[PDB]
Every structure is written in C-alpha cells, then in structure tokens.
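Lettering of chains follows the sequences in order, A, B, ..., and the numbering in each one begins at 1. We count ligands from 1, going down the list as the structure has it; atoms in each ligand are counted the same way.
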Amino acid sequence: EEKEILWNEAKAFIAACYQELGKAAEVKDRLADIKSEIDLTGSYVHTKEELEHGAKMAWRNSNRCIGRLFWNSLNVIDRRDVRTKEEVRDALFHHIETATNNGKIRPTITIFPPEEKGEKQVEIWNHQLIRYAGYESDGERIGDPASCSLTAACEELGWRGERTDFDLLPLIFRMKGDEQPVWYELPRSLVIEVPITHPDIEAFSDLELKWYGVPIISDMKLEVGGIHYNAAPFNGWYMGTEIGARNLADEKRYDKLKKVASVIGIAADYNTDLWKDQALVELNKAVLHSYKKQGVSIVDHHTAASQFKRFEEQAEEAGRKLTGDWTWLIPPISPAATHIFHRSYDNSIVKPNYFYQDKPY
Amino acid sequence: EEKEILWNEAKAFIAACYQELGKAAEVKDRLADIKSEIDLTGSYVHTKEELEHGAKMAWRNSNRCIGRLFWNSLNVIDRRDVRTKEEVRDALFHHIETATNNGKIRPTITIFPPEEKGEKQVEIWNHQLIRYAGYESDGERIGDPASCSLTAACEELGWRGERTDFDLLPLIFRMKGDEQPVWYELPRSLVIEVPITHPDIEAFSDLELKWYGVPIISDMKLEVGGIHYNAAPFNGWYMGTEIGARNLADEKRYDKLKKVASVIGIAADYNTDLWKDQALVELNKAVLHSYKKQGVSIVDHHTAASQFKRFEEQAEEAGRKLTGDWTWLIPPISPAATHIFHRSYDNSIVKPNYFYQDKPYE
Ligand code: HEM
Ligand code: HEM
Ligand SMILES: Cc1cc(N)nc(CCc2cc(CCCN)cc(CCc3cc(C)cc(N)n3)c2)c1
Ligand SMILES: Cc1cc(N)nc(CCc2cc(CCCN)cc(CCc3cc(C)cc(N)n3)c2)c1
Ligand SMILES: [Cl-]
Ligand SMILES: [Cl-]
C-alpha cells in the first residue's frame with residue numbers, strides 16, 4: 001500500500017514538475033527509474049532540479065501567504081548530505097547568514113534529509129531559528145510568552161537565559177539515534193536586530209523596543225511528491241504588521257499598546273477615542289521606518305497586497321487555479337483598504353506544500 | 001408536501017419557542033390547533049408572543065451580527081393587519097420615528113403580512129429605509145454608488161433626485177395586485193442626519209461629510225417556523241466603523257480617504273507612511289465624536305466586541321450553541337485588537353433567521 005501511495009504521489013509531482021520546467025519529454029524515463037527505485041528500496045531520491053522546483057511549488061501553494069508573487073526566486077539549499085549535529089548546526093548558521101545578506105534579505109530554504117520509515121533524521125525544536133525567550137515566575141512575565149514552553153524545555157537541558165525581554169533562544173534539535181536534543185547558542189554577529197524608533201516622535205525610543213531582522217520558520221514539514229522533508233527551515237522578509245500589530249501589540253505577546261499611547265502623548269482612557277487604533281498606526285509606522293533606516297528588508301501591508309494582486313493575475317495568465325486563506329491573507333490593520341478583503345478565496349490544499357507537525361516537547 | 005414541510009417547521013419552532021418561554025405544557029394543544037389550521041387553510045398564524053420571540057431568536061441566530069447581546073430587548077411591532085399602501089407608508093414612517101427616538105435609538109422590527117402561496121403581500125424595494133441615492137452619467141459619479149441601480153429604477157417611476165451627494169431615496173414598495181411599486185418622499189423631519197466633525201481638527205468640516213442616524217435593513221426575509229415574512233424592516237444603532245471605514249472610506253463607495261489625509265495635514269504619497277491607516281483612524285474618531293456630540297446612539301468596535309464576548313458567555317451559560325461568521329464579525333479596523341480575531345466560529349445556519357432575497361429591480 002505504502003509503495004503505491006508513494007508511487008501515485010511521485011507520478012503526479014513528476015508530471016507536473018517537468019511540464020512546468022519544459023521537460024515533459026523526460027517524464028517517461030524518470031518515472032521508469034523511480035518505479036524501479038521504489039520497488040528495490042521503498043522510496044526514491046529527488047534530483048536537485050526536482051527538489052528546488054518542489055520547494056518553490058510548495059511556497060506557491062501556501063494559501064496563508066501574501067508574499068507568494070516571488071515564489072520562483074526562492075533560494076534552495078540542498079543539505080540532504082548532512083549526517084552530524086555539527087553539520088546541522090553549521091548549516092543553520094549558514095542559512096541565517098546567507099538569508100540575512102547584510103540586510104538585503106534573500107528568501108531561502110535549507111533542506112535536510114527526509115523521513116525514512118516515518119523516522120526523522122533531524123528534528124528541529126525551534127519554531128523560528130531566531131526567536132526571543134519567554135518566562136513566567138510567580139505572576140512575573142518576561143520576554144515573549146509564545147516561547148514559554150520551548151524556553152522551559154531549553155532550561156531543562158542546561159541552557160540559561162539572562163531573562164531580558166529579548167533573550168535569543170539557542171538552536172535546539174535532535175539527531176536520529178539520540179534520546180535528547182543538543183543546543184547551541186547563537187553568535188550575536190549572525191543576528192541582525194532593529195531598534196524601533198519613530199520618524200517624528202523622539203520619545204518613542206524610551207520604550208526600548210526592538211525586533212530581529214529575519215523570520216525563519218523551522219518547524220514545518222515540506223512535502224514533495226510523497227517525500228516528507230520534516231526539517232526544512234525557510235524565510236522571507238517581514239511584513240510590518242507582523243511585528244507592529246501582532247508580535248509587539250498582542251495582549252498575549254509583548255502587549256505594548258498602552259505604553260505606546262503614553263509616549264505618543266494620547267489618553268488611553270476611552271474606547272471611543274480609538275487610542276488603541278491610533279497607537280497601532282504609529283507603532284507600525286515606527287517599525288517600517290526603523291527597518292528602512294537600518295537597511296533591513298521589509299514590506300508594508302498595502303504594497304504586499306498589491307504584489308499579491310499581481311500574483312493572482314499571474315496565476316490566471318498561467319492557467320493555474322488560485323488558492324488562499326482569506327482569514328490569514330487580510331492584514332491585521334486596515335484590511336478593508338486592501339483588495340483581498342473584498343474578494344473570496346478557495347482554501348483547497350494543493351501539493352507540494354508546507355504542513356504543521358507535532359511539537360516534540 | 002408543502003403542508004408537510006410547513007408542519008415540520010412549525011413543530012420544530014413551537015417546541016423550541018415554548019420551551020424558552022417556560023410554556024412547554026402548552027405545546028401539545030398549540031400544535032393540535034396548528035395541525036387543523038394548516039389542513040383547512042394551507043398555513044397557520046403566529047400568536048403575538050410567538051411572533052415576538054421568533055423575531056428575537058432570528059436576531060440571536062444572525063451569524064454576521066456583532067450586536068446580538070441585546071437580542072432579547074428587540075422592539076417588535078406587529079403590522080400583519082395592513083392592507084393598503086397608505087397603511088404601509090405610515091407604518092414605515094412610524095418605524096423611523098419610534099426607532100430614532102430623538103437620538104436614543106431603539107432596536108425595532110416592523111413585521112408586515114407574510115407570503116401566502118409564496119405570493120408576497122407587500123414587497124419593499126429599499127435596501128434600507130433611509131439611504132442616499134447614487135448617479136453615474138458619462139464618467140461623473142455623484143452620491144452613493146451602491147444605490148445606483150435602485151436610484152435608476154426610482155427615476156424610471158417618475159422620481160427625480162437633486163443630485164447632491166446625499167439625496168434621500170424615497171420609500172418604494174409594491175402592493176399585491178399592483179404591477180408597479182409606489183414611491184413616497186421621506187419627510188425630512190423624520191430623518192436625523194449627523195454632520196461629521198473632528199474633535200481636534202477644525203478643518204475636518206471642510207469635507208462637508210455627513211451620514212444618517214439609523215440603519216434600517218428593509219430587504220431581508222424573516223423566516224419563523226415555516227412562515228416567510230418577506231417584508232420586515234429592522235434596525236439597530238451603527239457601529240462607528242460601518243460609516244467611517246466602509247461607507248465613507250471604500251473606493252467603491254464615497255472614497256474619502258485621500259481628502260481626509262489632506263485636511264488632517266499628512267502626505268498621501270507613500271504606502272510606507274501608512275497614510276490610509278492614519279486617515280482611517282481619524283475619520284472613525286470623527287464619526288464617533290460627531291454622533292455622540294449630537295446625542296445619536298452609536299458604538300465603537302472595541303465596546304461592541306466586548307459586548308459580543310458577553311453574548312458568547314451568555315450562550316454558553318444557557319444550553320445554546322453559538323454560531324458566527326468570522327469574516328463579518330471582525331471589525332474593518334484593528335481587528336486583531338479584538339478577541340473575535342483570535343478565535344473561530346461555527347458558521348452553521350440556525351432558524352429562525354434573516355435571509356437574503358432577490359431584488360425586484362436588477
Ligand atoms: C518574501 C517575503 C514573505 C512575506 C512578506 C510573507 C508574508 C507572510 C505573512 C505576513 C504570513 C502570515 C499571515 C498572517 O499572519 O495572517 C505568511 C504566512 C506564511 N508564509 Fe509567507 N511570506 C514571505 C515568504 C515566504 C516564504 C519564502 C515561504 C516558504 C517558502 C512562505 C510560506 C508561508 C507559510 C507556509 C505561511 C503560513 C504558515 C502557517 O500556517 O503557520 N512565505 N507569509
Ligand atoms: C443594536 C445595534 C446593532 C449593531 C451595532 C449591529 C452591528 C452589526 C454590524 C456591524 C453588522 C455588519 C458586520 C460587517 O459589515 O462586517 C451587522 C450585520 C447584521 N446584523 Fe446587526 N447590529 C445591530 C442590531 C441588529 C438587529 C436589531 C438585527 C435584526 C433583528 C440585526 C441583524 C443583523 C443582520 C441580519 C446582519 C447581516 C446582514 C447581512 O448579512 O447582509 N442586527 N450587525
Ligand atoms: C492569531 C493568528 C491569526 C492569524 N491570522 N495568523 C496568525 C499567525 C501568525 C503566524 C503564525 C505562524 C505559525 C502558526 C502555527 N504555530 C507562522 C507565521 C509565519 C509568518 C511568516 C512566515 C514567513 C516565512 C515570512 C513572513 N514574513 N511571515 C505567522 C495568528
Ligand atoms: C464587503 C463587505 C464585507 C463585509 N464584511 N461586510 C459587508 C457588508 C456591510 C453590510 C452589508 C449589508 C448588506 C449585504 C448584502 N447586500 C448589510 C449590512 C447590515 C449592517 C447593519 C445592520 C444592522 C441591522 C445594524 C447595523 N449596525 N449594521 C452591512 C460588505
Ligand atoms: Cl514572527
Ligand atoms: Cl450602512
């Protein structure tokens with residue numbers, strides 16, 4: 001059964017992949033090779049070309065992503081050759097450096113060996129490669145609450161944070177055969193951070209807010225033609241609202257809106273003053289300004305929606321069905337000012353794609 | 001079959017309704033009466049109590065409505081007795097006056113005779129009882145674009161608008177037996193309007209913006225226990241964002257954000273300045289300020305979401321499943337600042353409820 005399931009997934013993917021690459025004539029022999037490889041071994045190995053286009057197709061099919069216009073320019077790094085935790089560590093370090101690119105962020109994915117028997121070769125515990133720790137000790141909150149459980153797990157393994165509001169979590173991952181994961185402190189030279197200032201309000205720096213440059217999702221599974229790459233971290237650049245309207249603004253995150261209202265000099269007493277809405281706008285203005293000033297890539301939600309509109313048009317021009325998740329595509333501030341808000345999207349799941357998987361802690 | 005379909009709907013509704021009213025003992029005899037009535041006449045007639053609670057349940061089941069906390073205080077006006085266009089006209093006039101209540105808006109529904117054979121007794125053409133006209137003639141846009149087709153239909157029947165940006169559409173409805181609808185101009189004394197000013201920026205009044213006080217939805221069908229009340233206008237008070245973030249801000253509506261940016265003194269040149277977002281906040285601040293200043297009921301989206309949270313809790317405290325449409329419940333500005341954004345809702349259809357129906361124009 002499993003071999004047929006794998007075979008059927010491979011047939012679908014190879015046909016689609018090679019057609020898009022203008023190599024439909026090569027399909028027959030490739031499928032013959034794969035057919036024999038599956039018979040002998042129970043699996044098959046992607047070519048570098050198949051792997052690269054597969055990761056790109058997966059981004060293209062990611063319904064929740066507003067940034068998909070640039071799907072075909074994804075930088076795909078093949079590290080299916082790694083076998084040691086040192087090689088994994090250095091590959092992760094390298095991903096951070098090359099994706100950061102001194103501020104001119106490159107959308108990048110690093111692909112580690114796939115599951116074998118449903119057996120993971122490498123198991124990454126981080127949600128993102130760069131992320132702040134979070135703590136809670138007797139009513140006292142420090143750092144990022146979303147990181148509390150991973151932070152506790154790290155400190156169970158001998159790591160200790162300084163308990164600032166912005167402790168960088170270590171890389172943490174487990175190798176096949178090991179009962180426990182290893183962890184490695186991030187070199188600060190690798191991590192670009194951006195202090196948040198406001199273009200017109202000098203007092204904004206009193207908040208001492210900052211955020212990291214590059215969002216590198218490291219806990220999702222890439223599925224390509226029946227092969228499951230459970231370890232394959234990927235990054236783009238931020239959309240401003242992610243930082244200003246969610247990470248720094250959410251009550252269950254850094255919860256900064258009341259303090260923002262204070263430094264921009266407005267009262268936070270009455271709902272009808274819309275002070276939260278005003279504070280959100282100035283905070284998001286500050287984020288965009290600060291990233292731009294430091295020379296770190298970022299996009300505002302209006303520009304991003306415009307780019308996504310072109311992605312929709314491009315899909316139609318290429319004859320491809322468009323899929324999307326309206327609830328994630330609309331930005332968390334002024335959504336109705338985007339075209340996205342005013343149309344609907346088919347939330348069907350198309351493969352190749354990126355999927356959630358169970359957390360190991 | 002229809003008598004069977006009707007019977008089954010009535011059975012379901014009467015049972016639920018009477019249980020909520022603490023009158024479960026009366027169900028048996030009531031259904032017996034309904035059974036005989038359906039056999040003789042092909043339909044049945046709601047008691048005033050059933051009708052009132054039915055309309056309230058329908059509001060309670062309205063998935064897209066953030067204002068449902070106050071479902072049980074709905075003011076239900078029974079006008080199943082009307083037979084003439086003069087009676088309909090005066091009932092509609094009366095609804096406007098009593099709902100407006102000199103600014104302290106009362107959530108109200110006026111219920112007209114139901115469909116018989118799927119044959120409408122009264123057919124209201126207005127989307128809302130109070131609404132601005134819209135025009136388009138050789139590249140020139142005037143008024144509210146959403147009203148263009150109804151406006152054109154009205155002018156087909158001998159009405160003519162002044163072609164301001166805020167012409168009040170006439171009441172327009174058709175009586176059973178008439179080929180064409182009749183129309184009646186709204187008395188201005190009945191219609192409260194609110195000039196939009198800003199609390200801190202005196203220049204805002206240069207925009208000469210205004211909006212009407214009361215949103216009175218008049219083109220939806222109320223379904224209660226298999227009975228179809230196709231004509232049953234209902235109103236609440238506005239949530240500020242409806243006016244400031246949609247009606248006045250939408251590009252396909254009054255499209256005022258560029259002009260707002262100008263009077264509040266910010267550049268509208270770069271997306272990264274978030275000038276649209278800033279203009280939206282100040283416009284919505286102005287709307288809330290202006291309604292409050294004039295003494296016309298309004299609610300901000302934060303307060304409304306807080307009230308809706310209590311509605312969720314009340315539903316759980318009772319034995320009721322909730323249901324909701326996430327895409328409509330989230331406000332169009334700062335949605336993530338509300339609890340609504342961070343949870344999900346079952347969008348199942350429960351009856352009694354309010355439903356869309358085909359426009360007789362268009
Ligand atoms: C190039 C810059 C990019 C931008 C600006 C961008 C923008 C976004 C944003 C804003 C979200 C979250 C939407 C929300 O929270 O409502 C998102 C989700 C997502 N993006 Fe992108 N993205 C980018 C690149 C990428 C890349 C390179 C990939 C993978 C190859 C990717 C795959 C995804 C996926 C899988 C999700 C949803 C994850 C989940 O369901 O939890 N994006 N994107
Ligand atoms: C008391 C004040 C009320 C407020 C503040 C309120 C708020 C709202 C808002 C803001 C919407 C639109 C949501 C959006 O555009 O995304 C809405 C939709 C709706 N409301 Fe309410 N509402 C109120 C009273 C009522 C009443 C009295 C009824 C009927 C008995 C009602 C039934 C509905 C229905 C049916 C819709 C959906 C209309 C459609 O699908 O086109 N609401 N409500
Ligand atoms: C409450 C809520 C609502 C919503 N619409 N979206 C979110 C998700 C924010 C989010 C969450 C996850 C993981 C969810 C499961 N643990 C991942 C992301 C990725 C955002 C992202 C990814 C990438 C690759 C680039 C970029 N600019 N942004 C963004 C949360
Ligand atoms: C594009 C768009 C998105 C969205 N979420 N919601 C809308 C609808 C706004 C709207 C539309 C209709 C009619 C839709 C079908 N033509 C009706 C309403 C009712 C608003 C309302 C009703 C009532 C009763 C009270 C109140 N405060 N507000 C509000 C449009
Ligand atoms: Cl993030
Ligand atoms: Cl409206």
Side-chain angles (χ1 to χ4, degrees), chain A residues 55-71 73-76 99 105-109 127-128 146 214-220 222 232-243 245-247 250 252-253 297-301 303-304 307-308 325-332 335-336 341-343 353-356 359, chain B residues 59 62 64-67 105 107-109 127-128 146 214-220 233-243 246-247 250 252-253 297-299 304 325-332 335-336 341-344 354 356 359:
Chain A
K56 291 178 180 189
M57 292 171 77
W59 182 9
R60 192 178 69 204
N61 287 326
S62 293
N63 290 4
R64 291 170 166 181
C65 176
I66 194 173
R68 286 183 275 164
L69 178 60
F70 311 113
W71 66 271
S73 59
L74 184 65
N75 177 32
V76 178
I105 297 172
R106 292 187 285 247
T108 305
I109 183 167
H127 167 62
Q128 294 179 28
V214 192
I216 313 171
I217 300 296
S218 56
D219 60 4
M220 294 181 79
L222 166 67
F234 58 83
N235 76 276
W237 50 80
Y238 268 118
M239 186 168 70
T241 52
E242 300 181 82
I243 299 161
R246 303 304 310 280
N247 296 345
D250 278 10
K252 296 308 188 200
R253 302 294 294 281
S297 298
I298 198 164
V299 64
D300 69 271
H301 51 288
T303 303
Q307 289 163 342
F308 189 68
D325 186 344
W326 191 92
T327 71
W328 282 57
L329 289 169
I330 58 156
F341 188 85
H342 303 279
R343 60 157 290 175
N353 216 321
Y354 300 99
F355 296 95
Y356 289 154
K359 294 179 169 59
Chain B
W59 182 9
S62 293
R64 291 170 167 181
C65 176
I66 194 172
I105 295 172
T108 305
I109 183 168
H127 166 61
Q128 294 179 28
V214 192
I216 312 171
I217 302 296
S218 56
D219 61 4
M220 294 181 79
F234 59 83
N235 76 276
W237 50 80
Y238 268 117
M239 186 167 70
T241 53
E242 300 181 81
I243 298 161
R246 303 305 311 280
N247 296 345
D250 278 10
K252 295 189 291 206
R253 301 294 294 281
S297 298
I298 198 164
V299 64
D325 186 344
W326 191 92
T327 71
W328 282 57
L329 288 169
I330 59 156
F341 189 84
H342 303 279
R343 60 156 290 176
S344 69
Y354 300 99
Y356 290 153
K359 296 179 170 59

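Here A:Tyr354 has side-chain heavy atoms under 4.0 Å from ligand 1, and that is the only part of it that gets that close. Heavy atoms of A:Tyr356 found under 4.0 angstrom from ligand 1 belong exclusively to the side chain. Of the heavy atoms in A:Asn235, only backbone atoms (N, CA, C, O) come closer than 4.0 Å to ligand 1.
Scanning all heavy atoms of the two residues, the minimum distance from A:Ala304 to A:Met239 falls at CB-SD, 3.7 Å. A:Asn61 approaches A:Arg68 most closely through the heavy-atom pair C-NH1, 4.2 Å.
Scanning the protein heavy atoms around atom 3 (C) of ligand 1, the nearest turns out to be A:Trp237 O, 3.6 Å. Protein heavy atom at the shortest distance from atom 32 (C) of ligand 1 is A:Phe234 CE1, 3.8 Å. Regarding atom 13 (C) of ligand 1, its nearest protein heavy-atom neighbour is A:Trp328 O, 3.4 Å. Nearest non-hydrogen protein atom to atom 38 (C) of ligand 1 is A:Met220 SD, 3.9 Å.
A donor-acceptor contact shorter than 3.5 Å links the side chain of A:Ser297 to the backbone of A:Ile105. Panel note: side chain A:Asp325, backbone A:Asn63; no donor-acceptor pair is recorded below 3.5 Å. With hydrogens and angles ignored, the 3.5 Å screen pairs no side-chain donor or acceptor of B:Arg246 with any backbone N or O of B:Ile243. In terms of modelled atom types and a separation under 3.5 Å, the side chain of A:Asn235 and the main chain of A:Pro215 share no donor-acceptor contact. With hydrogens and angles ignored, the 3.5 Å screen pairs a side-chain donor or acceptor of A:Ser218 with a backbone N or O of A:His127. Proximity of a side-chain donor or acceptor of A:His301 to a complementary backbone N or O of A:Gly240 within less than 3.5 Å is not detected.
In this structure the side chain of B:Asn247 reaches within 4.5 angstrom of the side chain of B:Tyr238, judged on heavy atoms.
Using bins of under 30°, 30° to 60° and over 60° for the plane-to-plane angle, the ring pair A:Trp326/B:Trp326 lands in the perpendicular bin.
Inside a sphere of radius 2.8 Å centred on atom 21 (Fe) of ligand 1, the protein N/O/S atoms present are A:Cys65 SG.
Not counting sequence neighbours, the partners of A:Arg253 by the salt bridge (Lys or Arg N to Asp or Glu O under 4.0 Å) test are A:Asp144. Residues forming a side-chain hydrogen bond (donor to acceptor under 3.5 Å, both in side chains) with A:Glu242 (at least two apart in sequence, or on another chain): none.
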I'd like a table of the close N/O pairs between ligand 3 and the protein (anything under 3.5 Å), one pair per line with both atom names and the distance.
{"unit_1": "ligand 3", "atom_1": "27 (N)", "unit_2": "A:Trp237", "atom_2": "O", "d": "2.9"}
{"unit_1": "ligand 3", "atom_1": "27 (N)", "unit_2": "A:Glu242", "atom_2": "OE2", "d": "2.8"}
{"unit_1": "ligand 3", "atom_1": "28 (N)", "unit_2": "A:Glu242", "atom_2": "OE1", "d": "2.6"}
{"unit_1": "ligand 3", "atom_1": "28 (N)", "unit_2": "A:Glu242", "atom_2": "OE2", "d": "3.4"}

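Ring pair A:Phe234/A:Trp59: centre-to-centre distance not below 6.0 Å.
The atoms of ligand 1 that sit less than 4.0 Å from any heavy atom of A:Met239 are 10 (C).
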